[PDB]
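Shown next: query01.pdb, containing PDB, C-alpha atoms and all ligand atoms.
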```pdb
ATOM      1  CA  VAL W   9       0.000   0.000   0.000
ATOM      2  CA  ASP W  10       1.228   3.552  -0.623
ATOM      3  CA  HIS W  11       2.992   4.483   2.598
ATOM      4  CA  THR W  12       3.284   8.030   1.304
ATOM      5  CA  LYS W  13      -0.518   8.255   1.091
ATOM      6  CA  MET W  14      -1.263   7.032   4.606
ATOM      7  CA  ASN W  15      -1.184   9.019   7.840
ATOM      8  CA  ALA W  16      -0.368   8.311  11.490
ATOM      9  CA  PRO W  17      -1.205   7.686  14.171
ATOM     10  CA  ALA W  18      -4.036   5.648  12.671
ATOM     11  CA  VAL W  19      -5.862   2.337  12.825
ATOM     12  CA  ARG W  20      -6.378   0.481   9.549
ATOM     13  CA  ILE W  21      -8.154  -2.761   8.655
ATOM     14  CA  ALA W  22      -4.993  -4.555   7.558
ATOM     15  CA  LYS W  23      -6.620  -7.741   6.225
ATOM     16  CA  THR W  24      -9.788  -9.792   6.683
ATOM     17  CA  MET W  25     -10.119 -13.557   6.365
ATOM     18  CA  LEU W  26     -12.561 -16.217   7.510
ATOM     19  CA  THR W  27     -12.063 -19.519   9.286
ATOM     20  CA  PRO W  28     -12.915 -22.822   7.562
ATOM     21  CA  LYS W  29     -15.985 -23.190   9.715
ATOM     22  CA  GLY W  30     -17.342 -19.725  10.470
ATOM     23  CA  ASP W  31     -15.285 -17.606  12.885
ATOM     24  CA  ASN W  32     -13.582 -14.365  11.808
ATOM     25  CA  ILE W  33      -9.950 -13.272  12.076
ATOM     26  CA  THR W  34      -9.303  -9.557  11.618
ATOM     27  CA  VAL W  35      -5.803  -8.173  11.355
ATOM     28  CA  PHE W  36      -5.018  -4.558  12.179
ATOM     29  CA  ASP W  37      -2.248  -2.177  11.111
ATOM     30  CA  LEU W  38      -1.674  -0.223  14.356
ATOM     31  CA  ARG W  39       0.587   2.333  12.640
ATOM     32  CA  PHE W  40       2.124   4.667  15.246
ATOM     33  CA  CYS W  41       4.501   6.668  13.029
ATOM     34  CA  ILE W  42       4.403   8.236   9.579
ATOM     35  CA  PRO W  43       5.873   5.833   7.016
ATOM     36  CA  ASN W  44       9.531   6.722   6.482
ATOM     37  CA  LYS W  45       9.137  10.120   8.121
ATOM     38  CA  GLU W  46       9.502   8.889  11.711
ATOM     39  CA  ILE W  47      10.454   5.607  13.380
ATOM     40  CA  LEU W  48      10.094   3.560  16.555
ATOM     41  CA  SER W  49      13.129   2.605  18.657
ATOM     42  CA  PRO W  50      14.201  -1.056  18.937
ATOM     43  CA  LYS W  51      14.118  -0.606  22.707
ATOM     44  CA  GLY W  52      11.026   1.599  22.988
ATOM     45  CA  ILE W  53       8.921  -0.545  20.661
ATOM     46  CA  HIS W  54      10.035  -3.561  22.694
ATOM     47  CA  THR W  55       9.310  -2.398  26.238
ATOM     48  CA  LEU W  56       6.107  -1.006  24.732
ATOM     49  CA  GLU W  57       5.020  -4.296  23.122
ATOM     50  CA  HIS W  58       4.960  -5.913  26.541
ATOM     51  CA  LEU W  59       2.558  -3.312  27.937
ATOM     52  CA  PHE W  60       0.470  -2.824  24.809
ATOM     53  CA  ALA W  61      -0.860  -6.372  24.479
ATOM     54  CA  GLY W  62      -1.271  -6.565  28.263
ATOM     55  CA  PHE W  63      -3.536  -3.504  28.096
ATOM     56  CA  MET W  64      -5.160  -3.870  24.668
ATOM     57  CA  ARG W  65      -6.359  -7.195  26.042
ATOM     58  CA  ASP W  66      -8.033  -5.117  28.778
ATOM     59  CA  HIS W  67      -9.816  -2.443  26.773
ATOM     60  CA  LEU W  68     -10.357  -4.464  23.617
ATOM     61  CA  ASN W  69     -10.151  -8.266  24.075
ATOM     62  CA  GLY W  70     -13.542  -8.555  25.752
ATOM     63  CA  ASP W  71     -16.105 -11.264  25.068
ATOM     64  CA  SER W  72     -16.824 -11.082  21.347
ATOM     65  CA  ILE W  73     -13.303 -10.202  20.337
ATOM     66  CA  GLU W  74     -10.292 -12.436  20.959
ATOM     67  CA  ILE W  75      -6.683 -11.403  20.762
ATOM     68  CA  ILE W  76      -4.329 -13.828  19.120
ATOM     69  CA  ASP W  77      -1.259 -11.580  19.216
ATOM     70  CA  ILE W  78       0.118  -8.067  19.050
ATOM     71  CA  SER W  79       3.724  -7.584  17.953
ATOM     72  CA  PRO W  80       5.892  -4.817  16.538
ATOM     73  CA  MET W  81       6.506  -4.335  12.811
ATOM     74  CA  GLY W  82       9.968  -4.973  11.365
ATOM     75  CA  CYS W  83       9.877  -1.418  10.006
ATOM     76  CA  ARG W  84       9.240  -0.320  13.604
ATOM     77  CA  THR W  85       6.498   1.998  12.412
ATOM     78  CA  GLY W  86       3.726   0.448  14.534
ATOM     79  CA  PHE W  87       2.434  -3.021  15.466
ATOM     80  CA  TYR W  88       0.385  -5.647  13.662
ATOM     81  CA  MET W  89      -2.569  -6.986  15.635
ATOM     82  CA  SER W  90      -4.374 -10.161  14.594
ATOM     83  CA  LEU W  91      -7.528 -11.005  16.514
ATOM     84  CA  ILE W  92     -10.498 -13.354  16.650
ATOM     85  CA  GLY W  93     -13.504 -11.215  15.723
ATOM     86  CA  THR W  94     -13.865  -8.102  13.625
ATOM     87  CA  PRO W  95     -13.990  -4.700  15.335
ATOM     88  CA  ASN W  96     -13.890  -1.489  13.312
ATOM     89  CA  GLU W  97     -11.403   1.379  13.334
ATOM     90  CA  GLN W  98     -13.219   3.268  16.101
ATOM     91  CA  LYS W  99     -13.262   0.343  18.502
ATOM     92  CA  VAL W 100      -9.604  -0.478  18.146
ATOM     93  CA  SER W 101      -8.377   3.106  18.409
ATOM     94  CA  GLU W 102     -10.423   3.753  21.565
ATOM     95  CA  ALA W 103      -8.760   0.634  22.915
ATOM     96  CA  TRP W 104      -5.401   1.850  21.683
ATOM     97  CA  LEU W 105      -5.768   5.388  23.063
ATOM     98  CA  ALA W 106      -6.704   3.903  26.414
ATOM     99  CA  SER W 107      -3.726   1.524  26.657
ATOM    100  CA  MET W 108      -1.254   4.364  26.142
ATOM    101  CA  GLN W 109      -2.803   5.962  29.198
ATOM    102  CA  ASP W 110      -2.258   2.596  30.860
ATOM    103  CA  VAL W 111       1.382   2.543  29.814
ATOM    104  CA  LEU W 112       2.056   5.960  31.347
ATOM    105  CA  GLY W 113       0.953   4.453  34.656
ATOM    106  CA  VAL W 114       4.197   2.480  34.886
ATOM    107  CA  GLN W 115       6.935   4.581  36.520
ATOM    108  CA  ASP W 116       9.782   2.038  36.492
ATOM    109  CA  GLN W 117      11.275  -1.182  35.104
ATOM    110  CA  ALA W 118      10.502  -3.352  38.142
ATOM    111  CA  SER W 119       6.834  -2.799  37.233
ATOM    112  CA  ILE W 120       7.312  -4.530  33.886
ATOM    113  CA  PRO W 121       6.710  -8.122  34.970
ATOM    114  CA  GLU W 122       8.666 -10.063  32.368
ATOM    115  CA  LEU W 123      11.830  -7.930  32.125
ATOM    116  CA  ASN W 124      14.386 -10.535  33.199
ATOM    117  CA  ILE W 125      16.884 -13.044  31.858
ATOM    118  CA  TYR W 126      14.539 -15.835  32.918
ATOM    119  CA  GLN W 127      11.442 -14.517  31.177
ATOM    120  CA  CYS W 128      12.307 -11.824  28.611
ATOM    121  CA  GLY W 129      14.138 -12.778  25.407
ATOM    122  CA  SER W 130      16.620  -9.873  25.666
ATOM    123  CA  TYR W 131      16.685  -8.449  29.223
ATOM    124  CA  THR W 132      18.758  -5.344  28.466
ATOM    125  CA  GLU W 133      16.818  -4.118  25.468
ATOM    126  CA  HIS W 134      14.111  -2.251  27.399
ATOM    127  CA  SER W 135      13.421   1.482  27.648
ATOM    128  CA  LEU W 136      10.327   2.373  29.693
ATOM    129  CA  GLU W 137      11.352   5.974  29.012
ATOM    130  CA  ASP W 138      11.187   5.673  25.239
ATOM    131  CA  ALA W 139       7.971   3.670  25.529
ATOM    132  CA  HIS W 140       6.411   6.455  27.602
ATOM    133  CA  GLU W 141       7.316   9.172  25.114
ATOM    134  CA  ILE W 142       5.502   7.137  22.469
ATOM    135  CA  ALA W 143       2.353   7.060  24.610
ATOM    136  CA  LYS W 144       2.732  10.809  25.085
ATOM    137  CA  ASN W 145       3.083  11.282  21.345
ATOM    138  CA  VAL W 146       0.151   9.053  20.396
ATOM    139  CA  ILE W 147      -2.088  10.249  23.216
ATOM    140  CA  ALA W 148      -1.143  13.803  22.271
ATOM    141  CA  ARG W 149      -1.393  13.480  18.497
ATOM    142  CA  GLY W 150      -4.700  11.563  18.464
ATOM    143  CA  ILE W 151      -5.491   8.276  16.717
ATOM    144  CA  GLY W 152      -7.275   8.833  13.406
ATOM    145  CA  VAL W 153      -8.016   6.275  10.701
ATOM    146  CA  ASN W 154      -6.488   4.956   7.484
ATOM    147  CA  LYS W 155      -8.827   3.170   5.074
ATOM    148  CA  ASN W 156      -7.481   1.102   2.175
TER     149      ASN W 156
ATOM    150  CA  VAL L   9       8.541 -19.990  30.224
ATOM    151  CA  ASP L  10      12.205 -20.311  31.218
ATOM    152  CA  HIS L  11      14.100 -18.730  28.345
ATOM    153  CA  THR L  12      17.398 -19.922  29.811
ATOM    154  CA  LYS L  13      16.476 -23.509  28.963
ATOM    155  CA  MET L  14      15.474 -22.602  25.411
ATOM    156  CA  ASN L  15      17.345 -23.803  22.347
ATOM    157  CA  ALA L  16      17.814 -21.999  19.008
ATOM    158  CA  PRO L  17      17.412 -22.368  16.049
ATOM    159  CA  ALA L  18      14.220 -24.180  17.053
ATOM    160  CA  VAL L  19      10.455 -24.171  16.528
ATOM    161  CA  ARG L  20       8.482 -23.886  19.777
ATOM    162  CA  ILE L  21       4.707 -23.898  20.201
ATOM    163  CA  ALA L  22       3.447 -20.947  22.181
ATOM    164  CA  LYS L  23      -0.325 -20.949  21.648
ATOM    165  CA  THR L  24      -3.385 -22.764  20.267
ATOM    166  CA  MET L  25      -6.754 -20.982  20.011
ATOM    167  CA  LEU L  26     -10.275 -22.384  20.289
ATOM    168  CA  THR L  27     -12.653 -20.191  18.291
ATOM    169  CA  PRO L  28     -16.355 -20.553  19.175
ATOM    170  CA  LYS L  29     -17.161 -22.199  15.835
ATOM    171  CA  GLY L  30     -14.559 -24.915  16.403
ATOM    172  CA  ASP L  31     -11.458 -24.319  14.235
ATOM    173  CA  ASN L  32      -8.226 -24.038  16.209
ATOM    174  CA  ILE L  33      -5.719 -21.237  15.770
ATOM    175  CA  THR L  34      -2.000 -21.853  16.248
ATOM    176  CA  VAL L  35       0.775 -19.483  17.278
ATOM    177  CA  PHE L  36       4.397 -20.572  16.895
ATOM    178  CA  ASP L  37       7.509 -19.216  18.601
ATOM    179  CA  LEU L  38      10.241 -19.447  15.960
ATOM    180  CA  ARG L  39      13.460 -18.914  17.926
ATOM    181  CA  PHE L  40      16.551 -17.905  15.909
ATOM    182  CA  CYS L  41      18.845 -16.945  18.781
ATOM    183  CA  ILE L  42      19.683 -18.061  22.288
ATOM    184  CA  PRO L  43      18.048 -15.453  24.524
ATOM    185  CA  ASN L  44      20.545 -12.912  25.816
ATOM    186  CA  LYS L  45      23.337 -14.916  24.144
ATOM    187  CA  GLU L  46      22.742 -13.996  20.485
ATOM    188  CA  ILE L  47      20.334 -11.634  18.710
ATOM    189  CA  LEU L  48      19.085 -10.274  15.348
ATOM    190  CA  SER L  49      20.066  -7.092  13.516
ATOM    191  CA  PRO L  50      17.289  -4.499  13.392
ATOM    192  CA  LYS L  51      18.010  -3.797   9.719
ATOM    193  CA  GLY L  52      18.260  -7.543   9.083
ATOM    194  CA  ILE L  53      15.024  -8.816  10.567
ATOM    195  CA  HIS L  54      13.113  -6.304   8.471
ATOM    196  CA  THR L  55      14.983  -7.446   5.395
ATOM    197  CA  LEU L  56      14.413 -11.001   6.503
ATOM    198  CA  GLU L  57      10.796 -10.070   7.227
ATOM    199  CA  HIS L  58       9.679  -9.351   3.661
ATOM    200  CA  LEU L  59      11.378 -12.575   2.562
ATOM    201  CA  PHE L  60      10.477 -15.224   5.179
ATOM    202  CA  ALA L  61       6.752 -14.482   5.375
ATOM    203  CA  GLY L  62       6.313 -15.004   1.639
ATOM    204  CA  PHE L  63       8.622 -17.981   1.058
ATOM    205  CA  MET L  64       7.065 -19.632   4.119
ATOM    206  CA  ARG L  65       3.528 -19.602   2.686
ATOM    207  CA  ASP L  66       5.084 -20.973  -0.530
ATOM    208  CA  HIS L  67       6.086 -24.029   1.497
ATOM    209  CA  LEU L  68       3.217 -23.908   3.970
ATOM    210  CA  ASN L  69      -0.532 -23.150   4.075
ATOM    211  CA  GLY L  70      -2.876 -25.478   2.208
ATOM    212  CA  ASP L  71      -5.946 -27.670   2.570
ATOM    213  CA  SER L  72      -5.820 -27.122   6.318
ATOM    214  CA  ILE L  73      -3.065 -24.551   6.831
ATOM    215  CA  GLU L  74      -3.439 -20.786   6.534
ATOM    216  CA  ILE L  75      -0.906 -18.383   7.991
ATOM    217  CA  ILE L  76      -2.243 -15.116   9.371
ATOM    218  CA  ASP L  77       0.911 -13.149  10.217
ATOM    219  CA  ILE L  78       4.614 -13.952  10.406
ATOM    220  CA  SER L  79       6.092 -11.147  12.499
ATOM    221  CA  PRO L  80       9.258 -10.372  14.421
ATOM    222  CA  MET L  81       9.329 -10.164  18.203
ATOM    223  CA  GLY L  82      10.694  -7.210  20.175
ATOM    224  CA  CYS L  83      13.447  -9.005  22.070
ATOM    225  CA  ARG L  84      14.733  -9.719  18.541
ATOM    226  CA  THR L  85      15.703 -13.347  19.120
ATOM    227  CA  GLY L  86      12.790 -14.996  17.310
ATOM    228  CA  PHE L  87       9.654 -15.013  15.202
ATOM    229  CA  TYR L  88       5.967 -15.645  15.983
ATOM    230  CA  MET L  89       3.813 -17.075  13.176
ATOM    231  CA  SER L  90       0.038 -17.330  13.611
ATOM    232  CA  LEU L  91      -2.164 -19.536  11.446
ATOM    233  CA  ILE L  92      -5.520 -21.177  11.082
ATOM    234  CA  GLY L  93      -4.983 -24.912  11.435
ATOM    235  CA  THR L  94      -2.663 -27.171  13.377
ATOM    236  CA  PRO L  95       0.675 -28.044  11.746
ATOM    237  CA  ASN L  96       3.288 -29.399  14.139
ATOM    238  CA  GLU L  97       6.915 -28.611  14.835
ATOM    239  CA  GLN L  98       8.442 -30.831  12.140
ATOM    240  CA  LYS L  99       5.985 -29.321   9.676
ATOM    241  CA  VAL L 100       7.162 -25.811  10.547
ATOM    242  CA  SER L 101      10.779 -26.663  11.246
ATOM    243  CA  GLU L 102      10.943 -28.054   7.713
ATOM    244  CA  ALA L 103       9.448 -25.272   5.586
ATOM    245  CA  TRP L 104      11.327 -22.624   7.569
ATOM    246  CA  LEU L 105      14.355 -24.523   6.266
ATOM    247  CA  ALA L 106      12.964 -24.470   2.730
ATOM    248  CA  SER L 107      12.262 -20.849   3.522
ATOM    249  CA  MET L 108      15.836 -20.266   4.687
ATOM    250  CA  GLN L 109      17.625 -21.595   1.587
ATOM    251  CA  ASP L 110      15.541 -19.273  -0.587
ATOM    252  CA  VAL L 111      16.866 -16.338   1.431
ATOM    253  CA  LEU L 112      20.147 -17.258  -0.252
ATOM    254  CA  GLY L 113      18.289 -17.532  -3.514
ATOM    255  CA  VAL L 114      17.983 -13.774  -3.083
ATOM    256  CA  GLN L 115      20.598 -12.172  -5.335
ATOM    257  CA  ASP L 116      20.632  -8.577  -4.143
ATOM    258  CA  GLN L 117      18.514  -5.743  -2.755
ATOM    259  CA  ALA L 118      17.648  -5.212  -6.410
ATOM    260  CA  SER L 119      15.345  -8.223  -6.096
ATOM    261  CA  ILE L 120      13.066  -6.589  -3.539
ATOM    262  CA  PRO L 121      10.621  -4.523  -5.598
ATOM    263  CA  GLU L 122       8.769  -3.562  -2.415
ATOM    264  CA  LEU L 123      11.790  -1.470  -1.435
ATOM    265  CA  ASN L 124      10.038   1.716  -2.553
ATOM    266  CA  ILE L 125       9.039   4.571  -0.243
ATOM    267  CA  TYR L 126       5.472   3.962  -1.321
ATOM    268  CA  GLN L 127       5.451   0.348  -0.168
ATOM    269  CA  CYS L 128       8.053   0.290   2.606
ATOM    270  CA  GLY L 129       7.538   2.269   5.827
ATOM    271  CA  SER L 130      11.252   2.031   6.542
ATOM    272  CA  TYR L 131      12.933   0.943   3.300
ATOM    273  CA  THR L 132      16.049   2.773   4.446
ATOM    274  CA  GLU L 133      16.465   0.383   7.367
ATOM    275  CA  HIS L 134      17.578  -2.654   5.385
ATOM    276  CA  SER L 135      20.241  -5.332   5.165
ATOM    277  CA  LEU L 136      19.940  -8.270   2.792
ATOM    278  CA  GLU L 137      23.501  -9.010   3.867
ATOM    279  CA  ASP L 138      22.324  -9.894   7.375
ATOM    280  CA  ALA L 139      19.382 -11.699   5.792
ATOM    281  CA  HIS L 140      21.743 -14.161   4.152
ATOM    282  CA  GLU L 141      23.788 -13.912   7.314
ATOM    283  CA  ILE L 142      20.948 -15.023   9.555
ATOM    284  CA  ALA L 143      19.801 -17.368   6.794
ATOM    285  CA  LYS L 144      23.020 -19.339   6.262
ATOM    286  CA  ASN L 145      23.433 -19.544  10.036
ATOM    287  CA  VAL L 146      20.012 -21.152  10.337
ATOM    288  CA  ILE L 147      20.624 -23.601   7.501
ATOM    289  CA  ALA L 148      23.868 -24.612   9.219
ATOM    290  CA  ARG L 149      22.541 -25.073  12.722
ATOM    291  CA  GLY L 150      19.480 -26.953  11.540
ATOM    292  CA  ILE L 151      16.211 -26.036  13.231
ATOM    293  CA  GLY L 152      15.652 -27.871  16.508
ATOM    294  CA  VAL L 153      12.543 -28.042  18.715
ATOM    295  CA  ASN L 154      11.454 -26.910  22.178
ATOM    296  CA  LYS L 155       8.745 -28.340  24.441
ATOM    297  CA  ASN L 156       7.072 -25.891  26.837
TER     298      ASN L 156
HETATM  299 HG    HG N 201       6.419   7.804  15.956
HETATM  300 HG    HG N 202      20.752 -15.667  15.976
HETATM  301 ZN    ZN N 203      10.683  -9.495  25.740
HETATM  302 ZN    ZN N 204       9.128  -2.790   5.062
END
```
As C-alpha cells:
Amino acid sequence: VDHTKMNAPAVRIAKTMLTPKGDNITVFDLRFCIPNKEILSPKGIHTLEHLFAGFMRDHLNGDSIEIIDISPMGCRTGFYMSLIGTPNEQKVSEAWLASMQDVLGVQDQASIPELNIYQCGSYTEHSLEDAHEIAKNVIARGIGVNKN
Amino acid sequence: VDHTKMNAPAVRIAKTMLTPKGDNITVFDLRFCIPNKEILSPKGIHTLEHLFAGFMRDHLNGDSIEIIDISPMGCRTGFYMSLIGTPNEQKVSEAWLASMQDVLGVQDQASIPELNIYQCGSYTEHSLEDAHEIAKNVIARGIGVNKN
C-alpha cells in the first residue's frame, strides 16, 4: 500500500479472512509513526510491546473479540494486531488510546513483569522511558483512521 | 517460560486458540537466537521479514493450513507465526528450512521490488547481507525443537 498516502497515528483494517468453519480473524495495522518520516526505537517498541498487548487485552479483548497476538513491525512503524472477531477502526483506536494511558501508569522497570533473563528474550533491550514518550506522542497526536 | 532452557534455532509452540465455531488457531515461537546470548540485527530482521513471510507460505498453508501473520518479536531473538490450522513442529521446522535456503536464492537488494518509499515504511532500514547472514546460520545449525 502507498505508505506516502497514509497518515499516522491511525488504525487500519490490515486484512480480513474467515475460518474454515465460520469464525472471523481480523488483522489490524496499528501504525504509530508516519511511514519513512519517523520511526520507533528497537528498545522503545520492545518495552512497549509488553505493555500494549497486556492492556489492549483489557480495553479491547472482551467477550466477542479475541486477541491472538500483538507484535511490533519490522519497520518499527507500529504493530500488527491479529484477533479473533472483527472490530472497526473506532473500537480499536479507543482501545489503543486507552492503553497508552495505561502505559504511562508504569513509573519504572521493576513494574514490567517479564523484564528478566529468565522470562524476557533480551533483558537489556528495554526502555520504559522511550515507551512512555511514544504514549505521550500518540495520546497527544490523536489516533485517526487509514482506510485502504 | 524459562528462556534460559530454550534452544535456538528451534520451533516452539506458544499458543493454540479455540474459536467458538470450532477451528483451532496456532501461534508458533520461531526462535533464531539463544536469549541474551545472540540476537538479530534491526536492519536484518526487516529485510528477513519481507522474505520469510512469503517464502514460508510458498512451502506452507494449504488444505488445512493458513498463515495469518509472520512477524518479528521485540526481544529480537525470534519469530511468531500465527495460522488457522494445526501443523506441528516438524511441519514448521521443515518449511522454515525451505524458507531459509531461498533467502540465499535472493541475489541482491535489487530483487526486492517492495523497497520503494510507497510500499516500505522504513525501506532505508535494510540489510539483505544480514538476511543471508541469519539465513546461512540457520541452515547450518538446523532447526531444533522446544517443548514448553
Ligand atoms: Hg512515531
Ligand atoms: Hg541468531
Ligand atoms: Zn521481551
Ligand atoms: Zn518494510
Can you tell me which residues surround residue L:12 at a distance of at most 10 Å, considering only C-alpha atoms, apart from same-chain residues fewer than 5 positions away, and format the answer as a PDB file with C-alpha atoms, in the coordinates of the input?
```
ATOM      1  CA  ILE W 125      16.884 -13.044  31.858  1.00  0.00           C
ATOM      2  CA  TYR W 126      14.539 -15.835  32.918  1.00  0.00           C
ATOM      3  CA  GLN W 127      11.442 -14.517  31.177  1.00  0.00           C
ATOM      4  CA  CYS W 128      12.307 -11.824  28.611  1.00  0.00           C
ATOM      5  CA  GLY W 129      14.138 -12.778  25.407  1.00  0.00           C
TER       6      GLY W 129
ATOM      7  CA  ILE L  42      19.683 -18.061  22.288  1.00  0.00           C
ATOM      8  CA  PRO L  43      18.048 -15.453  24.524  1.00  0.00           C
ATOM      9  CA  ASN L  44      20.545 -12.912  25.816  1.00  0.00           C
ATOM     10  CA  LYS L  45      23.337 -14.916  24.144  1.00  0.00           C
TER      11      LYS L  45
END
```
Counting all atoms listed in the file, which residues of chain L come no farther than 8 Å from chain W, as number ranges by chain? L: 9-12, 25, 27-31, 35, 43-44, 50, 53-54, 57, 76-77, 79-85, 90, 92, 125-133
For a cutoff of 10 Å around the file-coordinate point (-11.1, 2.4, 3.7), which residues qualify once you count only C-alpha atoms? I'd like the result as a VMD selection string. chain W and resid 20 to 21 97 153 to 156
Chain W least-squares fitted onto chain L over all paired C-alpha atoms, as a compact mmCIF listing (two decimals) with C-alpha atoms, in the frame of the given file:
```txt
# COMPACT_ATOMS: atom_id res chain seq x y z
CA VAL W 9 8.98 -19.31 29.96
CA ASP W 10 12.58 -19.89 31.05
CA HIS W 11 14.64 -18.44 28.22
CA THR W 12 17.73 -19.91 29.83
CA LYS W 13 16.23 -23.40 29.49
CA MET W 14 15.32 -23.17 25.81
CA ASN W 15 17.58 -23.68 22.80
CA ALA W 16 17.82 -22.28 19.27
CA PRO W 17 17.28 -22.48 16.45
CA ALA W 18 14.02 -24.21 17.34
CA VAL W 19 10.30 -24.32 16.63
CA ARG W 20 7.96 -24.25 19.63
CA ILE W 21 4.18 -24.45 19.98
CA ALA W 22 3.82 -20.94 21.38
CA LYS W 23 0.09 -21.07 22.19
CA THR W 24 -3.06 -22.90 21.09
CA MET W 25 -6.59 -21.52 21.04
CA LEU W 26 -9.86 -22.37 19.33
CA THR W 27 -12.32 -20.26 17.38
CA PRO W 28 -15.87 -19.69 18.68
CA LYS W 29 -17.24 -22.04 16.07
CA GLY W 30 -14.65 -24.73 15.40
CA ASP W 31 -11.53 -23.64 13.51
CA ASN W 32 -8.05 -23.70 15.09
CA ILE W 33 -5.46 -20.95 15.47
CA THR W 34 -1.94 -22.10 16.32
CA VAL W 35 0.79 -19.65 17.22
CA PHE W 36 4.46 -20.51 16.83
CA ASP W 37 7.63 -19.24 18.49
CA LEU W 38 10.08 -19.30 15.54
CA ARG W 39 13.09 -18.62 17.79
CA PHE W 40 16.21 -18.06 15.64
CA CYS W 41 18.71 -17.08 18.35
CA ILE W 42 19.57 -18.21 21.86
CA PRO W 43 17.72 -16.07 24.41
CA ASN W 44 20.04 -13.28 25.56
CA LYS W 45 23.11 -15.01 24.17
CA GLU W 46 22.69 -13.78 20.58
CA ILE W 47 20.43 -11.28 18.81
CA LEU W 48 18.90 -10.37 15.46
CA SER W 49 19.68 -7.04 13.77
CA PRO W 50 16.94 -4.41 13.35
CA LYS W 51 17.83 -4.32 9.66
CA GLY W 52 18.48 -8.03 9.10
CA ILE W 53 15.32 -9.15 10.90
CA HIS W 54 13.42 -6.60 8.81
CA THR W 55 14.64 -7.42 5.31
CA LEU W 56 14.26 -11.04 6.43
CA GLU W 57 10.63 -10.67 7.58
CA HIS W 58 9.65 -9.66 4.07
CA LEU W 59 11.11 -12.83 2.55
CA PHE W 60 10.18 -15.21 5.35
CA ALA W 61 6.41 -14.81 5.19
CA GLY W 62 6.59 -14.72 1.38
CA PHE W 63 8.29 -18.13 1.46
CA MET W 64 6.77 -19.74 4.56
CA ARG W 65 3.49 -19.16 2.75
CA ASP W 66 4.99 -21.32 -0.02
CA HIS W 67 6.30 -24.30 1.90
CA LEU W 68 3.82 -24.17 4.76
CA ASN W 69 0.60 -22.23 4.03
CA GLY W 70 -0.91 -24.94 1.84
CA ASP W 71 -4.53 -26.05 1.91
CA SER W 72 -5.21 -27.13 5.48
CA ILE W 73 -3.03 -24.51 7.08
CA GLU W 74 -3.61 -20.77 6.73
CA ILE W 75 -1.14 -18.05 7.56
CA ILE W 76 -2.49 -15.03 9.33
CA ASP W 77 0.86 -13.32 9.88
CA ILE W 78 4.56 -13.70 10.54
CA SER W 79 6.41 -10.83 12.20
CA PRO W 80 9.62 -10.30 14.15
CA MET W 81 9.79 -10.34 17.96
CA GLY W 82 10.54 -7.12 19.85
CA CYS W 83 13.46 -8.94 21.47
CA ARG W 84 14.66 -9.66 17.92
CA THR W 85 15.35 -13.25 18.87
CA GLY W 86 13.06 -14.80 16.24
CA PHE W 87 9.55 -14.28 14.84
CA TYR W 88 6.07 -15.09 16.09
CA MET W 89 3.86 -16.91 13.59
CA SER W 90 0.10 -17.17 14.08
CA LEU W 91 -1.75 -19.40 11.65
CA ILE W 92 -5.12 -20.95 10.87
CA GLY W 93 -4.67 -24.67 11.51
CA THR W 94 -2.36 -26.61 13.78
CA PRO W 95 0.85 -28.09 12.36
CA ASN W 96 3.45 -29.65 14.63
CA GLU W 97 7.09 -28.75 15.22
CA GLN W 98 8.37 -30.94 12.38
CA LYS W 99 6.09 -29.42 9.76
CA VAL W 100 6.91 -25.84 10.60
CA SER W 101 10.67 -26.35 10.82
CA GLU W 102 10.79 -28.15 7.46
CA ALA W 103 8.94 -25.14 6.12
CA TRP W 104 11.32 -22.83 7.94
CA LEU W 105 14.50 -24.62 6.82
CA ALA W 106 13.24 -24.45 3.25
CA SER W 107 12.47 -20.71 3.26
CA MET W 108 16.00 -19.86 4.38
CA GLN W 109 17.17 -21.66 1.26
CA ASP W 110 14.66 -19.49 -0.57
CA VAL W 111 16.06 -16.34 1.00
CA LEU W 112 19.60 -17.14 -0.12
CA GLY W 113 18.25 -17.11 -3.67
CA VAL W 114 17.95 -13.32 -3.57
CA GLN W 115 21.25 -11.69 -4.60
CA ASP W 116 20.23 -8.02 -4.35
CA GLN W 117 17.83 -5.37 -3.03
CA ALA W 118 15.99 -4.78 -6.32
CA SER W 119 14.75 -8.37 -5.93
CA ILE W 120 12.95 -7.49 -2.70
CA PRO W 121 9.65 -6.29 -4.16
CA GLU W 122 8.42 -3.93 -1.46
CA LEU W 123 11.66 -2.11 -0.57
CA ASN W 124 10.62 1.44 -1.46
CA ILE W 125 9.30 4.66 0.03
CA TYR W 126 5.94 3.94 -1.60
CA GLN W 127 5.51 0.43 -0.24
CA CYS W 128 7.92 -0.27 2.64
CA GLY W 129 7.42 1.47 6.00
CA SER W 130 11.12 2.38 6.35
CA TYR W 131 12.92 2.14 2.98
CA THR W 132 16.47 2.50 4.29
CA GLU W 133 16.29 -0.07 7.05
CA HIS W 134 17.03 -3.12 4.90
CA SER W 135 20.08 -5.40 4.86
CA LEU W 136 19.81 -8.35 2.45
CA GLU W 137 23.36 -9.13 3.58
CA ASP W 138 22.48 -9.51 7.24
CA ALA W 139 19.34 -11.43 6.31
CA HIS W 140 21.42 -13.87 4.26
CA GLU W 141 23.88 -14.54 7.07
CA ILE W 142 20.90 -15.48 9.24
CA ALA W 143 19.76 -18.03 6.65
CA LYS W 144 23.32 -19.35 6.55
CA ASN W 145 23.36 -19.61 10.33
CA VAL W 146 19.97 -21.29 10.64
CA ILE W 147 20.44 -23.55 7.62
CA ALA W 148 23.88 -24.41 8.99
CA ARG W 149 22.95 -24.85 12.64
CA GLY W 150 19.80 -26.92 12.02
CA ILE W 151 16.28 -26.30 13.35
CA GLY W 152 15.53 -28.46 16.39
CA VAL W 153 12.55 -28.22 18.73
CA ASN W 154 11.59 -26.58 22.02
CA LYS W 155 8.64 -28.08 23.89
CA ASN W 156 6.99 -26.23 26.78
```
Taking all atoms of stretch 61-70 of chain L that the file lists, what box with edges along x, y and z, padded by 8 Å per side, do you get, with centre and edge lengths in Å to one decimal, as AutoDock Vina command-line options?
```
--center_x 2.9 --center_y -20.0 --center_z 2.4 --size_x 27.5 --size_y 27.0 --size_z 21.9
```
Would you compute the distance between atom CA of residue W:102 and atom CA of residue W:139? Give it in Å to one decimal. 18.8 Å
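Distance check against ligand ZN 203 (chain N) using all atoms listed in the file: of W:59, W:38, W:151, W:108, the minimum falls on W:59.
We find atom CA of residue W:15 and atom CA of residue W:101 to be spaced 14.1 Å apart.
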